[PDB]
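*Asks:* Experimental structure and sequence below.
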Amino acid sequence: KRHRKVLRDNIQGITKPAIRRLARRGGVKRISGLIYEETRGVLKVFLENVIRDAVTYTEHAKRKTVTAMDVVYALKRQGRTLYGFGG
Amino acid sequence: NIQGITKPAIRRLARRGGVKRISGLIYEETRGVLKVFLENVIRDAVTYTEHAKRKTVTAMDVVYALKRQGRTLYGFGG
Amino acid sequence: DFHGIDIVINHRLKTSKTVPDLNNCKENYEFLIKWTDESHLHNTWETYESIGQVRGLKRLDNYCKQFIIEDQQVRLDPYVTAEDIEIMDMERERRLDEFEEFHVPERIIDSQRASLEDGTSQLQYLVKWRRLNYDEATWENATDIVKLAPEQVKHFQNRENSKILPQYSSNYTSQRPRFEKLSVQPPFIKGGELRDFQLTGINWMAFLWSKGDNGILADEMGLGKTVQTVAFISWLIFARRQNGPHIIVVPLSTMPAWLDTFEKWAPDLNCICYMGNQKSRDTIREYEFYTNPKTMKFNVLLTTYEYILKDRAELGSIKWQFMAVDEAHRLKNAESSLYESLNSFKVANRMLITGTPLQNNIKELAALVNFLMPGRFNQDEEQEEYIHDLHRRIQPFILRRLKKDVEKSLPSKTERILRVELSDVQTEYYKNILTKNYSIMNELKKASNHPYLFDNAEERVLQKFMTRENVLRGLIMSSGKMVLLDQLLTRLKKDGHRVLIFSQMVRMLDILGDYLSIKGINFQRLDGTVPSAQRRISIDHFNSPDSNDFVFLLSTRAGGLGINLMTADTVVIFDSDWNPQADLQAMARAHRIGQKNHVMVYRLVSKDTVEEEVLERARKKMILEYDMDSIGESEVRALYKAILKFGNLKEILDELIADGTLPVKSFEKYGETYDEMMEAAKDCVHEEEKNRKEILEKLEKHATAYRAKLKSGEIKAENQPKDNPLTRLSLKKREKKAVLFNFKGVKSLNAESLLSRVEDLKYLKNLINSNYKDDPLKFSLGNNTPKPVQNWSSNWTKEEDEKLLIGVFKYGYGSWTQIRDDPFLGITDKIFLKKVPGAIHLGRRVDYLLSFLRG
Amino acid sequence: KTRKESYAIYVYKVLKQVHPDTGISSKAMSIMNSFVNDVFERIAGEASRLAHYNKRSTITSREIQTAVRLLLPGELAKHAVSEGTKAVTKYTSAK
Amino acid sequence: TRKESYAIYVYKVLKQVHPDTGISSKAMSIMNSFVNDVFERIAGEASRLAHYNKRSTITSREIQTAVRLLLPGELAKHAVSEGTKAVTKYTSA
Amino acid sequence: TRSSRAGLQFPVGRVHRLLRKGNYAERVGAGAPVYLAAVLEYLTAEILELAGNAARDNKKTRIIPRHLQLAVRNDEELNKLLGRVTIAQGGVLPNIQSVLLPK
Amino acid sequence: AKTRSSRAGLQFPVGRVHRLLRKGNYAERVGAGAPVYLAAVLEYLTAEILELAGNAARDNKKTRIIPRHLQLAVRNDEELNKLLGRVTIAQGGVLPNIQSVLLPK
Amino acid sequence: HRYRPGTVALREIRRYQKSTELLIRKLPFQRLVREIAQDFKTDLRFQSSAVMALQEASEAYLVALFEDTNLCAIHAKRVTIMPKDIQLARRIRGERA
Amino acid sequence: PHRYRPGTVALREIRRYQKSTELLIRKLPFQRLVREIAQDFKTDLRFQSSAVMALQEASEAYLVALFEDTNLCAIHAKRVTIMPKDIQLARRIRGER
DNA sequence: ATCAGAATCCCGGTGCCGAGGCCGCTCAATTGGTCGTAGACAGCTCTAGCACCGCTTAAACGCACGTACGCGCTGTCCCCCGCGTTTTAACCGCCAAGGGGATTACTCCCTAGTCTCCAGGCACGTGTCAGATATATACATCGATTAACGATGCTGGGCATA
DNA sequence: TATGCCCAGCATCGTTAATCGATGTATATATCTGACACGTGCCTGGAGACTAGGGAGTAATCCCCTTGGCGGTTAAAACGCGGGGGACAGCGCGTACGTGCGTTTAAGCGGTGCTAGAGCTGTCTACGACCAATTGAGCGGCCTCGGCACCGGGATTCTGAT
Ligand SMILES: Nc1ncnc2c1ncn2[C@@H]1O[C@H](COP(=O)(O)OP(=O)(O)O)[C@@H](O)[C@H]1O
Ligand code: BEF
């Protein structure tokens, strides 16, 4: 064809063997089928809040560029202490 | 005085929790759960009490100890 | 190791409807299947019931399915037209052209004699095929390779005969020799003749090479910059004796072009490049050195830019002395991986062949200065002094030969701009984006000439109803460059010209792929997606004089990547690709020397947009255009073996020294030692005869003295005395000694084998050269039949006697290591080390043949 | 005698503004007092750390604004920003 | 901009137990941000505790009980011993 | 007073002293206690409003802490805001699983 | 001596943490032995952490300390895991914990 | 007569869900907490409201964790609780040291 | 070749992934997805090279721990295959539902 | 389809105690003025990201095959439960009581503020020493080849006898 | 002339010795990189030194908030017995999931046009803290009575077993 390239939604970027490897590190022998579809929703709920807090800290600092310290502050606010990238 | 917590106490706690039928050797370990979850709060109460240069456990130190661990309590000061 | 199905070649019918299913493909059609782990010459027409369960079966199922759909698209469809038949049938001859190239070899990598199951050992060649990667290199016996492509076998033997190993290379690192500026051309250009500025450039590169310095070749694109490099390397190897390995990095797109030009101008030098990924790396490593804990069998190779960064340990562990690079604009910034990577290779001299604009940024010129000379070294007011000193400071280390000296044989040059206005779609897509609706910064610059770049754009223009003419009509009228491009394209089609379209965006190339295909315009794309096996077929198809592809699409970096178009003349550019001189180098792929019907260039300048500011910024960066007489024991023994192998060495001594046996000495010393060895040999034979005859006379006197006592009766007849002059005389007749003499420590040196060797080899040279000089494979003997074999385990006739003297005529006597590996004789399984064909056992037979022909 | 501080006669006004016929016990009164003190502690500490991250020496209205936006779940944050900015606007427009 | 980071103050402690090992940059940031985080936890706990008892200052007892609270036992015992030993060493000298 | 000029009910000078004596920042703002008092007034109006409705659900005049528990646990955003909060003298919602019904 | 770090017999800077207490805005007045005490406690913390990191680097035959050595050095201890409960170390991993019932039997 | 076993527990749930008072007595709990705190530290005095604080505060955990245990039982297609349900809730919540 | 035992290869992948110190989720889909969600939430935004790593490792933190607790829910349920009710029970006991 | 039965809710009556409200009075917020100062504003100096380009090359997925595990169902074992029977101590309230938390006053001490330098610390060029990599040179040990020597075996070219 | 007898003639087999070359092993030298210690240069916060005063340590006082006992009785706690729905051992089984395979696709290693934007040093003005004065609200302490707590009696409401 070589006409158009429609990607639909970008939620399909995380495929099956990715979460298969995540569960492989977690310690799961064999998984099911309709698990990664809900897993993307779990990451969505546990992601829109961190992104929202990052946008809030970014907009509050009189700037329109998300840095790295605001992510550490947003994660530490929700009880997810993360090191390595400052703090 | 671990025998003070009788069976009907854990029974009423089970009905408030929402269980239709319980087992047998459950309150025996439940007293251990309350003991582990209690010795740290009491330890913090003796810590805030002794640090206050006075030997009297008040009510604000309990609220501070519960809010420190992540379980906020209202009513008894705050 | 398994014998499974690899790919599918051809297909036909087996037994001589609406839709044939798989059953009809089983019991009604046979398919040519190519097997894995085997060459393409073993293709057999097999189906499913003839091979059973074999490794790999889904490929033939998918190919047969595409053949079923194809049959549904040939004559089993009421919607097929006329061009679809030429396209679907064109794919047949396309695949045939892509499959017939795998049957002809292209190179012989290695040649190792492997054993079989019957105990015999046959010499098999590591065959490299055409239009294929270094992988899938199967071993083929020497019984059919010489019967199909003898040029590859003869050239493969020429690569081994022409010993150009680095151990013979000179070492002028301590003192450079006397250089002489030549004016004529060396007898190494077998392709064509050269003009004057080519030899001038060669005299400049060799003029600066003798001073231990490096320069930059900054000439015009088309003046033979590649041929000057090959001629400079060949003249440097065969002139200054610099046979060492030389690395020449060439992009992957230009690598086959440099291979064809390299073999067409210098066929005496190999051109084993470096391609592949995994198995081809194992091929280059197994061909690089021998399996031992240092056999350099190469010198000139071609390595891509990505292969350097991917493999730094393999290329970094090898010493180099000369480095050449085409299109050296990649070193624009001194903080790149390639810039620090090329500086890691311990080399001696470098050469930059490019024409990058060294005026827009000082870090480019300075980067090219410290890249080859580590140590050497703003405001507009001080710019006249900075270039007043740096200009003449860099002039002796640069070549600036403009095209004004070569316009006597080139057509005129012209260019016309075209300020194309915007439309309503460009107005709403130019204003409504920076307001509210979206449906960041560079997307406007990309959409400043064509609106079809998002998703909600095709259905917005179509205000009605699948149609075909309305879509193209709404597609051409969306921008002025499409209407004017179609009008100018029609105008050029009314006469007959080859028009090119250079675009930066890769999506616009697909849009043109969907627009030009409906209008019935045959073309082929060229971007950075298809591999070399496809773009090489496309370019080789465009260079045909009867090609129907009058439109050829390119790109920016991929368009101006390399190679050239000779039949193209019209260059249409949609917009400037945000780089000065990038348009000059982009038109340089079509506007060349071979073009005769002039060159017409149209620049579609976008008026009242954002590209004109970038064009002005490109014009702002364009206005700036500123011991020898010592013979040891190993030399006496090695020279003695050279006499036992070649005989007289006063005529081809240059070929007997460069082989690696005779050290670098004076030829007069070899002549004096040869005359002393032959003279002392003849004198030693003369003294051996004068003394031997006297000994025979003494044995005749003592023998007669014994017979005088024997015929009398003083010797008993019961026991014959074995200690008498008669027995020692009979043993003296059958003596087991030779004319020996010690010459300068070396002992055990026969003098008769030297004289008889010069007589036999001289009679062979005069006998062969006096009858067949330019055709040694047609020499005969007539009726001279020697004695038959003495219990040999192989057939031997007169043809073996005629072909046996060819190996002695070419390689010499005693060189049985090359006779058994020579496929031009047929004695593959007739020469071994238990066995009958021995080393000396056959050599004495050759001596009997020579002694039989001399008598 | 110790004069302790508590939000007693400040909540019954808002209570009567929406329910002028209900009451509240002293237990839940202390629950609401400690609740207002707890929210004051969370907003004060959040504005403190947020004022310390940006090297700021003062806490104006935007710090409490983003502290309320980050402390509330959804619509309550928007209503608190509109009502709060309305109160600050009325306080600034007047004396 | 001269940024503040605990760099030379970690080598002097590492060489006293391992004078022959290395350290990466990412793990160095882990140690730096770790000490900063523990400083925020102890300073914050001592601040809120200093505000609870109506205390207008922070001495050594607040850090002592804050250490005894943030640590379950062993680390609190040895931290109190080494801490009081350091305060006694600084006061006596 | 600033509370009457701001048009609110919660105090401004006392909470301002809490911002000064609380030892939080070196300086203080001008409209910070008014904004905070408005937010606390909104939360007070919402909590006391749902507490009044919960009081009317059982025909009771004086609101009990159980009405606060049933008023906070019944909402979604209020339950998300007060997750680890235990109201004094409260209870639980009458939530019984359908799998425990006699069927 | 001159600096308080050398007089106290520690390694962490006493003036740095003191200035952080004067600037962090946590108390109106500071003490006299607070930065030395906190410096000693932090010195013990980094001492034990760097010790278990050294062992976590010697058990796998490694020279430099990687974040995985810190992860495996903290997660293996009970009190360190209790202290760093809601803590996620970057560039680390998890403990190789495989259930006994998951083995093929 | 004989009532169905199980439904009386349900009506006891309906009766206890409306109560707003404690369940465990104050003197056994006072002697337990006073004995544990006495063994932890001698000579200690507590407040009368602290008994209610630790009382209802302990009941909140003994009701939330017990409810999570009940959900762990329902998840396993059973109604009778097991110690592995409490250990599972403590392991998943993360408070299990 | 032959047919290996099903499930043992999974344990081999566990032994191979337990020693890995890098990431598992690819970077380009994560940037294309997170940048799309953040772009739909707020227009005109710019991220940092380190923020992608922080959201990547921080995401895989609860993406691995949540799958560990879910695996515990599958083990307690007398099963070996995870179910959505294990995810729901994990989010229920965790408290972040 | 149904009927007596324990709980459960509503109506009527008693009755109970603590917030609403009143008296007052204490003291921190309110103005008004003065003194100290923080960061908003434009732009200098860069600066990593906005998009893609060249160019791979390992993976995602449809496809086909095997297979096996929890739902469903069968059958059996079991363990608190409704209810009756037999102990049992917490507490409403009262009584004695006692000593440490809170208050006020006296004293005290040490520290943020200020005035006023100086080597610790940050970045980087320079330097010889751990390991690691060849590298010219020498010595010892074969692998294999070729020239040389001891003994012929028919084979070819001629000499004495049928 | 044919057949046994004399005199060469290369290849058959085996054995000795010299030679080119590969393999193994030192042995002092010339790179490679990776430094950790020192001096180069400069920034600046902590320190050398004084102090007034407000929070902090300590003594005498108030009392009231918390401790230790005392009869009665009441709902509350412990045992027990037949048992019936719940938990568990075990088989049928079929559709979803793990296991190979080929092809297209997108993620990854470098480059590359700028360009809106991060940090800050010029500049000062409205923003922010402290000090008199007063004055009106918040809260300490006590009285009223009505919403609600509690019990007796009449509906009432599912509910187990027929
Ligand atoms: N010495 C020569 N004589 C004739 N033609 C030449 C010569 N050198 C180059 N050419 C022409 O130039 C073309 C090759 O272009 P080339 O110079 O290799 O491109 P590049 O700019 O990459 O060096 C060939 O088609 C050939 O016809
Ligand atoms: F100008 Be050349 F074709 F590179």
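*Replies:* Arrived safely. Numbering: from 1, shown residues only, chains lettered A, B, ... in the order given. Ligands and ions are numbered 1, 2, ... in the order given.
*Asks:* Looking at chain C, which strand is longest?
*Replies:* Ranked by number of residues, the top strand in chain C under DSSP state E is strand C:105-115.
*Asks:* what does chain H have sitting close to DNA strand K?
*Replies:* Applying CB under 7 Å from any atom of the strand, we find that chain H lies next to DNA strand K at H:1-7, H:25, H:45-48, H:73, H:77-80. The way it works is simple: take the backbone N, C-alpha and C, and place the C-beta from them, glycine included.
*Asks:* OK, now which residue of chain H is nearest to chain B?
*Replies:* The minimum distance from chain H to chain B, using CB to the nearest CB, falls at residue H:28 (2.8 Å).
*Asks:* circling back to that earlier point, for the longest strand of chain C, C-alpha coordinates in PDB please.
*Replies:* What follows is strand C:105-115, C-alpha atoms only, in PDB (Å, rounded to 0.1, in the frame of the first residue of the first chain):
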ATOM      1  CA  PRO C 105      30.100 -17.300  -9.200                       C
ATOM      2  CA  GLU C 106      31.800 -14.100  -8.500                       C
ATOM      3  CA  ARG C 107      34.800 -15.000  -6.300                       C
ATOM      4  CA  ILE C 108      36.600 -18.000  -4.900                       C
ATOM      5  CA  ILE C 109      37.400 -17.300  -1.200                       C
ATOM      6  CA  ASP C 110      39.400 -20.300  -0.100                       C
ATOM      7  CA  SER C 111      40.400 -23.700  -1.500                       C
ATOM      8  CA  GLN C 112      40.900 -26.600   1.000                       C
ATOM      9  CA  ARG C 113      41.100 -30.200  -0.100                       C
ATOM     10  CA  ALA C 114      38.500 -32.200   1.800                       C
ATOM     11  CA  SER C 115      38.200 -36.000   2.000                       C
END
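*Asks:* Could you tell me which strands sit next to it in the sheet, and their orientation?
*Replies:* Partner strands for strand C:105-115, per DSSP bridges, with pairing direction: strand C:121-129 (antiparallel).
*Asks:* contacting residues for residue C:361?
*Replies:* Applying CB atoms under 8 Å, 6 or more residues apart in numbering or on different chains, we find residue C:361 in contact with residue C:332.
*Asks:* Strands of the chain, residue ranges please.
*Replies:* Reading this off chain A. Taking DSSP E as the test, the strands found in chain A are A:81-82.
*Asks:* where does the most centrally placed residue in it sit relative to DNA strand K, distance-wise?
*Replies:* Geometric centre of chain A, nearest residue: residue A:47, 5.0 Å, by CA atoms, centre = their mean. Between residue A:47 and DNA strand K the computed distance is 18 Å (CB to the nearest atom of the strand, to the nearest Å).
*Asks:* Residue I:8 versus that residue, what's the distance?
*Replies:* 35 Å (CB to CB, to the nearest Å).
*Asks:* Residue C:526: neighbouring residues, count only.
*Replies:* Applying other CB atoms under 10 Å in any protein chain shown, we find 24 residues neighbouring residue C:526.
*Asks:* dump the residue contacts of the residue nearest to it when sequence neighbours are not counted.
*Replies:* Using CB to CB, 6 or more residues apart in numbering or on different chains and skipping the chain neighbours, the partner closest in space to residue C:526 is residue C:554 (5.1 Å). Taking CB under 8 Å, 6+ apart, we find residue C:554 in contact with C:500-503, C:526-527, C:560, C:586, C:589.
*Asks:* In strands, which of the residues you listed appear?
*Replies:* With DSSP E as the criterion, strands contain C:500-502 from among the contacts of residue C:554.
*Asks:* need these in a markdown table with neighbour count and distance to chain I, can you?
*Replies:* Converted to a markdown table, those look like this (neighbours: other CB atoms under 10 Å in any protein chain shown; distance: CB to the nearest CB, whole Å):
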| residue | neighbour count | distance to chain I |
| --- | --- | --- |
| C:500 | 24 | 34 |
| C:501 | 23 | 31 |
| C:502 | 22 | 29 |
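*Asks:* Report the separation between the residue nearest to residue C:526 and residue C:561.
*Replies:* Between residue C:554 and residue C:561 the distance is 9 Å, computed by CB to CB.
*Asks:* give me every residue that touches residue 14.
*Replies:* All of this is about chain A. For residue A:14, the contacting residues are A:36, A:40, A:43, I:25, I:29, I:33, by CB under 8 Å, 6+ apart.
*Asks:* meant chain H actually
*Replies:* residue F:94.
*Asks:* is it fair to say it lies in a strand?
*Replies:* No. Per DSSP: H, G, I helix; E, B strand; the rest coil, residue H:14 lies outside any strand segment and is helix.
*Asks:* so who does the residue of chain A found nearest chain C touch?
*Replies:* When distances are taken as CB to the nearest CB, chain A reaches nearest to chain C at residue A:2, 4.7 Å away. Residue A:2 makes contact with C:510, C:513-514 under the criterion CB under 8 Å, 6+ apart.
*Asks:* same thing but at 6 Å, please
*Replies:* Residue A:2 sits next to C:510, C:513 when contact means CB atoms under 6 Å, 6 or more residues apart in numbering or on different chains.
*Asks:* Kindly report the same for residue C:3.
*Replies:* Listed by CB under 6 Å, 6+ apart, the contact set of residue C:3 reads residue C:35.
*Asks:* can you tell me the helix or strand for it?
*Replies:* Assigned by DSSP states H and E, residue C:3 falls within no helix or strand.
*Asks:* Residue C:69 now?
*Replies:* Assigned by DSSP H and E, residue C:69 falls within helix C:58-74.
*Asks:* buried residues in the helix or strand just after that helix?
*Replies:* Helices and strands here follow DSSP H and E; after helix C:58-74, the next one along the chain is helix C:83-99. The neighbour-count check on helix C:83-99 (16 or more other CB atoms under 10 Å in any protein chain shown) flags residue C:99 as buried.
*Asks:* okay, the angle between helix C:83-99 and helix C:58-74?
*Replies:* 150 degrees (axes from the mean of the first three to the mean of the last three CA atoms, to 10 degrees).
*Asks:* so what does the longest helix along chain D touch, helix or strand wise?
*Replies:* The longest helix of chain D (DSSP state H) is helix D:26-53. Contact analysis of helix D:26-53 by 3 or more CB pairs under 6 Å, 6 or more residues apart in numbering or on different chains; DSSP states H and E lists helix D:61-71, helix F:65-72 as its packing neighbours.
*Asks:* repeat that for 8 Å
*Replies:* For helix D:26-53, the elements it packs on are helix A:69-77, helix D:61-71, helix F:13-21, helix F:32-57, helix F:65-72, judged by 3 or more CB pairs under 8 Å, 6 or more residues apart in numbering or on different chains; DSSP states H and E.
*Asks:* do that helix and DNA strand K meet at all?
*Replies:* No. Helix D:26-53 lies out of reach of DNA strand K by CB under 7 Å from any atom of the strand, never closer than 9.6 Å.
*Asks:* and the residue of chain H found nearest chain I, helix, strand or coil?
*Replies:* Residue of chain H nearest chain I, by CB to the nearest CB: residue H:92 (4.3 Å). Under the three-state scheme (three-state DSSP), residue H:92 adopts helix.
*Asks:* Quick check: residue D:18 touching residue F:50?
*Replies:* No. Taking contacts as CB atoms under 8 Å, residue D:18 lies outside contact range of residue F:50: 10.1 Å.
*Asks:* With neighbour numbers in mind, choose between the two.
*Replies:* Neighbour count, other CB under 10 Å: between residue D:18 and residue F:50, residue F:50 has more, with 18 against 15.
*Asks:* what sits against the nearest residue to the more buried one once chain neighbours are set aside?
*Replies:* Spatial nearest neighbour of residue F:50, excluding adjacent residues (CB to CB, 6+ apart): residue F:71 at 4.1 Å. Shown in contact with residue F:71 (CB under 8 Å, 6+ apart): F:47, F:50-51, F:53-54, F:78.
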